[PDB]
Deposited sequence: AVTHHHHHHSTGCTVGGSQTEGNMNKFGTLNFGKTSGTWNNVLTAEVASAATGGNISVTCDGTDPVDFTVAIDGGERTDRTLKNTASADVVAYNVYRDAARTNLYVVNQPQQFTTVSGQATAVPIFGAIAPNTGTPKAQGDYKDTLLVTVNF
């Protein structure tokens, strides 16, 4: 037949926080769990284990940048909405697929000397089988 060569459809199939200028004085929430979110779908009868790791941004410390300035503001992303499970930088978290259902890769985000218009960063999301 022979054996089943498994094949998967990996995501996606951004995190807009709003404004980080001036003062907020509480933690900012943004979610991708937006253009759709990320999910792995495999096709065996067996489940497939896989692994997702998130880097530390363009500066390795998960810090945005204003673009106009050296103004930087730090952040972190989490697997659960409750933010108990940190996507610790470059450390993989285990996932599994159930036969015939998509597994979401959720990413929940969070974040005073006020800084004042538009800040940016880019995260590397590695999915490993």
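Check your understanding: Which parts of the deposited chain sequence are absent from the coordinates, listed in sequence order?
Key -> No C-alpha for residues 1-5, 19-28, 49-51, 130-131, 133-134, 139.
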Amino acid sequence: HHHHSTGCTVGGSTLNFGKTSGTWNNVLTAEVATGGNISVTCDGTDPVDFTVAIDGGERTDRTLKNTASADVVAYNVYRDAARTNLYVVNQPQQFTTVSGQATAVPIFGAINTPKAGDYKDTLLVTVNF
From here on, numbers count along this sequence of modelled residues.
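Point to revise | Of 60-68 and 37-45, the stretch whose C-alpha atoms average the higher B-factor in the entry | key: Per the deposited B-factors, the answer is 60-68.
**Study point:** Residue range whose averaged C-alpha B-factor is higher in the record, 4-12 or 118-126
**Key:** The stretch with the larger mean CA B-factor is 118-126.
Exercise for review: Tell me, please, which of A81, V52, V32, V88 has the highest C-alpha B factor according to the deposited entry?
Suggested key: Largest recorded C-alpha B-factor: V32.
Check your understanding: Say you rank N26, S99, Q94, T103 by Cα B-factor from the PDB entry; which sits at the top?
Key -> Largest recorded C-alpha B-factor: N26.
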